[PDB]
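Engineer: Residue numbers (PDB author numbering), protein chains in the order written: chain A, 0 to 200; chain B, 1343 to 1362.
The C-beta atom is built at its ideal place from N, Cα and C for all residues, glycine as well.
This is the structure I want to talk about, given as structure tokens.
Set out below in structure tokens:
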């Protein structure tokens, strides 16, 4: 019934709010957060399926929206469970570290920590400067395994190396093409500058 | 055999007794 969904939604939302207020650094609490986000999405999807457009006067999203959010929550929950069973479980882990905002930032689909700004100035114009996020710790999860890799910077973009394979998750030429008349830029990644390594014409 | 299947499972059991 609608009544049962309402009651479950309350307790569910209360638990989520409690996590927000606690701001825990224990990974176990973040697994519990995502498990409740996952249940909340299923509740809203069922409410919509049953023809309700609000629940306790909160908007009930369309089916497609609640399903997409559910799939995100499930993926994050299972990823954090894999990390909890790994050697990295006892590290500090914040709600921001395990947020969808971080997870979907390039490289997408990865829990990441210790982000910092890399600035790229295109063709010598201050107004034509892009800001990107690099990460010292990128957690690559495949199946039940986790490996941490370091985000690295060179003239061409931001990359990591996993199992000997170099994968760029930002390529600065993509924004050069969009914003600039040139393929010449300067990369600032914190105290030093990376300049065009090749001849210029 | 992936994540969409867990969502389907969650929806089916929403009014069933909780085991997990």
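(1) As a quick exercise: from 131(A), 150(A), 62(A), pick the residue whose alpha carbon is nearest that of residue 137(A).
(2) Using a Cβ-Cβ cutoff of less than 8 Å, which residues in the same chain neighbour residue 5(A) once the five nearest sequence positions on both sides are dropped?
(3) Consider the Cβ of residue 1362(B): report whether some Cβ of chain A lies at a distance smaller than 7 Å.
(4) Who are the Cβ neighbours of residue 46(A) in its own chain at under 7 Å, not counting the five residues just before and after it?
(5) Within the same chain, show all residues whose beta-carbon is closer than 7 Å to that of residue 179(A), passing over the 5 residues directly before and after it, in chain order.
(6) Between which two residues does the beta strand (DSSP E) carrying residue 151(A) extend?
(7) Is the beta carbon of residue 95(A) sitting closer than 7 Å to the one on residue 34(A)?
(8) Strictly below 7 Å CB to CB, what residues from chain B border residue 44(A)?
(9) Determine whether the Cβ of residue 73(A) lies closer than 7 Å to any Cβ atom of chain B.
(10) For a contact meaning CB atoms closer than 8 Å, what does residue 70(A) contact in chain B?
(11) Could you have a look at residue 97(A) and say whether DSSP puts it in helix, strand or coil?
(12) Span of the alpha helix (DSSP H) holding residue 67(A)?
(13) Can you grab the Cα-Cα spacing for the pair residue 50(A) / residue 1344(B), in whole Å?
(14) Could you tell me if residue 218(A) is buried or exposed, where buried requires 16 or more neighbouring beta carbons within 10 angstroms of its beta carbon?
Structural biologist: Considering the structure as presented:
(1) Working through the first chain from its first residue, we reach residue 137(A) at position 138. Measuring from the Cα of residue 137(A), the nearest candidate turns out to be 150(A).
(2) Taking the first residue of the first chain as 1, we reach residue 5(A) at position 6. Correct list, in chain order: 54, 55.
(3) Your numbering for residue 1362(B) matches position 20 in the second chain. Cβ-Cβ to chain A under 7 Å: no for residue 1362(B).
(4) Start at 1 with the first residue of the first chain, and residue 46(A) comes out as number 47. Correct list, in chain order: 4, 54, 59.
(5) Against the first chain, residue 179(A) aligns to sequence position 180. Excluding residues within five positions, the ones whose Cβ falls inside 7 Å are 121, 122, 127.
(6) Counted from its first residue, the first chain places residue 151(A) at position 152. For residue 151(A), the enclosing beta strand (DSSP E) stretches over residues 151-153.
(7) Within the first chain, the letter at position 96 stands for residue 95(A). Within the first chain, the letter at position 35 stands for residue 34(A). Contact: no.
(8) Translated into the one-based positions of the first chain, residue 44(A) becomes position 45. What residue 44(A) touches in chain B: 1353.
(9) Residue mapping note: residue 73(A) aligns to position 74 of the first chain, counting from 1. With 7 Å as the cut-off, residue 73(A) counts as an interface residue toward chain B.
(10) Working through the first chain from its first residue, we reach residue 70(A) at position 71. Ordered by position in chain B, the residues that pass the 8 Å Cβ test against residue 70(A) are 1345, 1346, 1349.
(11) Within the first chain, numbered from 1, the residue matching residue 97(A) stands at position 98. Reduced to three states, the DSSP call for residue 97(A) is coil.
(12) Taking the first residue of the first chain as 1, we reach residue 67(A) at position 68. From DSSP, the alpha helix (DSSP H) with residue 67(A) extends over 62-83.
(13) Position 51 of the first chain, counting from 1, holds the residue named residue 50(A). Position 2 of the second chain, counting from 1, holds the residue named residue 1344(B). Residue 50(A) and residue 1344(B): Cα-Cα distance of roughly 28 Å.
(14) Residue 218(A) is absent from the structure shown; chain A starts at 0 and stops at 200.
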